[PDB]
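Given as structure tokens, the chain that follows is alone and in the form deposited in one PDB entry.
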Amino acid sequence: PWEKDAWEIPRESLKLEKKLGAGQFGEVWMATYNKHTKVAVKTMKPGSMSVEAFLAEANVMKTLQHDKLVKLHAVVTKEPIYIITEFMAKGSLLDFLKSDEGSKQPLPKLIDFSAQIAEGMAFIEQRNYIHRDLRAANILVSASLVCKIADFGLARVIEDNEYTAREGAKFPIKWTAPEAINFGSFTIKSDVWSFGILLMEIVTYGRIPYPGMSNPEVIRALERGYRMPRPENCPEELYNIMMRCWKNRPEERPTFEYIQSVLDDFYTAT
């Protein structure tokens, strides 16, 4: 139980133990808080995030408490910002699906992963929040194989400046619904499109979306009604959900409440 009164904490309360990896806009560490609590710490790169803007958003994030969302524990306000969360022992779902243990998960387990993520996104949907960067790399997996959504809303507070431009694409074209690419219209419905791509990621154990296709080829193909074909070992029930998520009109995409209910039914059937 993280101490409820510990929100803005000093940097010295954290002992960074092990570097888990380096991303575009920050690094993540396994750490010990106050000599006793194992946590994860995301240290943002200098210039990636404003303290005032992040804190204003992080005070919304921290209220998004749900079993399928990574728990946001604390922050460090000194530059550059630290984000302190629960530690997830099996890392990202993308890495897990491409590991020895995760590549062997049977189809019912894959459906269960998808249903867990859908339940978390249904919570975000009910709370009138938006993830903005849903993909398997932003799903974390616990020691007992519970999937939790990470980085919810974080893309909104990563600044676009000379420092972050050096790091490349902020959002990946292949996961992003057409209207957010073309019009910056990020909504829960653009999250629904991304969830469809994530579902394909899960069923393919982490294959790149649209294999063999460049980003321009993906955009133009989607405009002509192309959608990723159903791959091997993908049940039609699962593929049909993906196709619903990839409707061209955002308003015609299903709710996450609908998605979770259908995924839950297909889990028990499998």
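For clarity, a rigid core is taken as the largest C-alpha set superposing within 1.5 Å between two forms. A residue's number is simply how far along the shown sequence it sits, counting from 1.
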Of 82-90 and 192-200, the stretch with the higher mean C-alpha B-factor in the deposited entry is 82-90
Ranked by mean Cα B-factor in the entry, 201-209 and 35-43, top stretch is 35-43
Looking only at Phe183, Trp175, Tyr129, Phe96, the Cα with the top B-factor belongs to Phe183
Highest CA B factor of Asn138, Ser144, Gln116, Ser103, as deposited, is found at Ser144
Chain thirds by Cα B factor, record data; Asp133 belongs to the lowest
Here the Cα B-factor of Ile158, set against its chain, lands in the third termed lowest
Quick tally, chain-level thirds of C-alpha B-factors: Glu125 sits in the middle
By the entry's values, the third containing the CA B factor of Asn233 is the highest
Among the modelled residues of its chain, the C-alpha B-factor of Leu64 falls in the third labelled middle
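There is another form of this protein, the form deposited in another entry, and it is not shown here; the text below is about that form.
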A Cα shift of 2 Å or more between this form and the one not shown, after fitting the rigid core, is seen among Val146, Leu107, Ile181, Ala155 only at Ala155
Discussion item. After superposing the rigid core, is the C-alpha displacement of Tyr129 2 Å or more between this form and the one not shown?
Written reply: no
Threshold 2 Å Cα movement between this form and the one not shown at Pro235, rigid core reference: no
Does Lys247 show a Cα shift reaching 2 Å between this form and the one not shown after rigid-core superposition? no
Cα of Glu159 vs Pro209, shift of 3 Å or more in the other entry, relative to this form: the pair sits farther
Evidently the Cα separation of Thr176 and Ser48 changes by 3 Å or more in the other entry, so the atoms lie farther
